[PDB]
Amino acid sequence: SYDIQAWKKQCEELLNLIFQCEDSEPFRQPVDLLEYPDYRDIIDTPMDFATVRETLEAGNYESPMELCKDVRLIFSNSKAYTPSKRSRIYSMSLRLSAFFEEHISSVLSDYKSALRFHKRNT
Ligand SMILES: CC(C)NC(=O)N1CCN(C(=O)c2ccco2)[C@@H](C)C1
């Protein structure tokens with residue numbers, strides 16, 4: 001399975017699954033700096049799943065590792081903002097993260113395998 005390009009549609013389909021999860025609701029759009037006027041004091045780099053989908057569809061990811069780093073930033077930002085480990089929105093974040101990690105591992109493995117095959121004889 002040595003298709004170097006296959007990660008992109010695999011990531012589009014996984015973003016579609018994430019958008020169907022009720023747990024994605026708080027993460028589908030950039031945080032509004034009205035309801036949370038301090039947000040930028042805590043969080044240096046906002047990220048959300050619509051920004052990730054747009055960056056992918058623009059042709060602005062070179063690899064599924066870069067997409068993975070942005071998705072993990074959504075979850076670390078939610079960790080940085082939660083008052084406790086017992087919030088609705090942080091709790092939703094940890095379930096969505098488990099689901100994402102379960103599905104992205106094969107995408108990453110297949111991509112890195114494809115790149116090693118492409119360099120086998122270099
Ligand atoms: C719908 C809109 C785009 N999202 C939004 O307003 N958010 C999502 C990010 N966020 C958290 O991560 C959080 C952790 C604990 C409590 O809140 C809050 C600032 C609320």
Side-chain angles (χ1 to χ4, degrees), residues 1-19 21-122:
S1 297
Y2 305 125
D3 182 345
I4 298 161
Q5 283 97 47
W7 63 275
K8 180 165 180 191
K9 184 147 219 223
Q10 285 162 2
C11 284
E12 287 168 6
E13 290 166 11
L14 176 56
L15 289 172
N16 287 344
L17 285 178
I18 289 171
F19 271 90
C21 290
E22 291 182 354
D23 291 338
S24 61
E25 185 184 3
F27 306 116
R28 291 177 192 149
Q29 310 282 308
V31 172
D32 189 343
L33 311 188
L34 292 206
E35 30 267 62
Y36 315 99
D38 66 333
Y39 195 56
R40 288 311 305 278
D41 301 332
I42 307 98
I43 302 305
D44 290 345
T45 309
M47 190 50 57
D48 67 277
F49 284 107
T51 297
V52 174
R53 182 177 263 166
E54 282 159 21
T55 302
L56 187 64
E57 293 305 89
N60 288 179
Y61 291 125
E62 185 176 13
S63 71
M65 299 80 80
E66 295 180 345
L67 180 143
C68 192
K69 181 173 163 177
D70 281 351
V71 167
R72 284 167 177 179
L73 181 60
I74 297 170
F75 302 134
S76 65
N77 288 346
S78 197
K79 199 152 178 191
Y81 197 72
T82 197
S84 65
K85 286 160 140 52
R86 292 191 53 190
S87 345
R88 175 77 181 277
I89 298 164
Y90 176 58
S91 74
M92 270 173 159
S93 91
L94 296 176
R95 283 189 299 271
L96 205 70
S97 172
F99 174 82
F100 174 75
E101 291 297 334
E102 177 175 294
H103 286 73
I104 205 69
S105 57
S106 62
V107 179
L108 293 165
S109 289
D110 289 359
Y111 176 79
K112 296 179 180 193
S113 164
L115 228 54
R116 292 187 288 270
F117 186 84
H118 187 74
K119 298 145 190 279
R120 71 193 181 280
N121 304 299
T122 305

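By convention here, the first residue in the shown sequence is residue 1. Reckoned from all heavy atoms, side chains included, excluding hydrogens, waters and symmetry mates.
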Using distance only, find each side-chain donor-acceptor pair of residues 107-122 under 3.5 Å and give its atom names and separation, not counting sequence neighbours.
| residue | atom | partner | partner atom | Å |
| --- | --- | --- | --- | --- |
| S109 | OG | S105 | O | 3.2 |
| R120 | NH1 | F117 | O | 3.0 |
| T122 | OG1 | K119 | O | 2.6 |

For [X] against [Y], the heavy-atom pair lying closest together:
{"X": "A50", "Y": "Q29", "answer": "CB-NE2, 4.0 Å"}
{"X": "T51", "Y": "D48", "answer": "OG1-OD1, 2.7 Å"}
{"X": "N77", "Y": "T45", "answer": "ND2-O, 2.9 Å"}

Rounded at 0.5 Å granularity, tell me how far [atom1] in [X] sits from [atom2] in [Y].
{"X": "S78", "Y": "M47", "atom1": "OG", "atom2": "CE", "result": "14.5 Å"}
{"X": "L15", "Y": "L67", "atom1": "CG", "atom2": "CG", "result": "6.0 Å"}
{"X": "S24", "Y": "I74", "atom1": "OG", "atom2": "CD1", "result": "10.0 Å"}

Is there any side-chain hydrogen bond (donor to acceptor under 3.5 Å, both in side chains) pair reaching into residues 83-95, and which pairs are they, with sequence neighbours excluded?
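The answer is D23-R95, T82-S87.
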Pairs satisfying side-chain hydrogen bond (donor to acceptor under 3.5 Å, both in side chains), at least one member in residues 59-70, at least two apart:
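Non-adjacent pairs meeting side-chain hydrogen bond (donor to acceptor under 3.5 Å, both in side chains): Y61-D70.
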Using the rule given for side chain to side chain contact (heavy atoms under 4.5 Å, CB included), can you reason through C11 versus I104, listing the C-alpha separation, both sets of side-chain angles and the distance that settles it, and then say yes or no?
CA-CA 8 Å; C11 284; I104 205 69; 4.1 Å; yes
Mind checking whether [X] and [Y] have side chains closer than 4.5 Å, heavy atoms only?
{"X": "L96", "Y": "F49", "result": "yes"}
{"X": "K8", "Y": "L56", "result": "yes"}
{"X": "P46", "Y": "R40", "result": "yes"}

Run the numbers on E57 and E12 for side chain to side chain contact (heavy atoms under 4.5 Å, CB included), then give the verdict.
CA-CA 9 Å; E57 293 305 89; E12 287 168 6; 2.6 Å; yes
Mind checking side-chain contact (heavy atoms from CB on, under 4.5 Å) for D32 and listing every partner two or more places apart, or none if nothing turns up?
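Checked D32 against side-chain contact (heavy atoms from CB on, under 4.5 Å); matches are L34, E35.
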Can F19 and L14 be said to form a side chain to side chain contact (heavy atoms under 4.5 Å, CB included), step by step?
CA-CA 9 Å; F19 271 90; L14 176 56; over 6 Å; no
Give me the other members of the hydrophobic cluster that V31 sits in, counting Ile, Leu, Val, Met, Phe, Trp and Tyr linked by side-chain heavy atoms under 4.5 Å, directly or via other members.
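Grouped by the 4.5 Å side-chain rule, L33, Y36, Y39, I42, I43, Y81 form the rest of the cluster around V31.
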With sequence neighbours excluded, residues passing side chain to side chain donor-acceptor pair (under 3.5 Å) with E101:
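Partners of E101 under the side chain to side chain donor-acceptor pair (under 3.5 Å) test: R72.
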Should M92 and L94 be counted in the same cluster of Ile, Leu, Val, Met, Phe, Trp and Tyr side chains packed under 4.5 Å apart?
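Unlinked, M92 and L94 end up in two clusters.
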Just by modelled atom types, is the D41 backbone N or O under 3.5 Å from a matching donor or acceptor in the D38 side chain?
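A pair under 3.5 Å: no.
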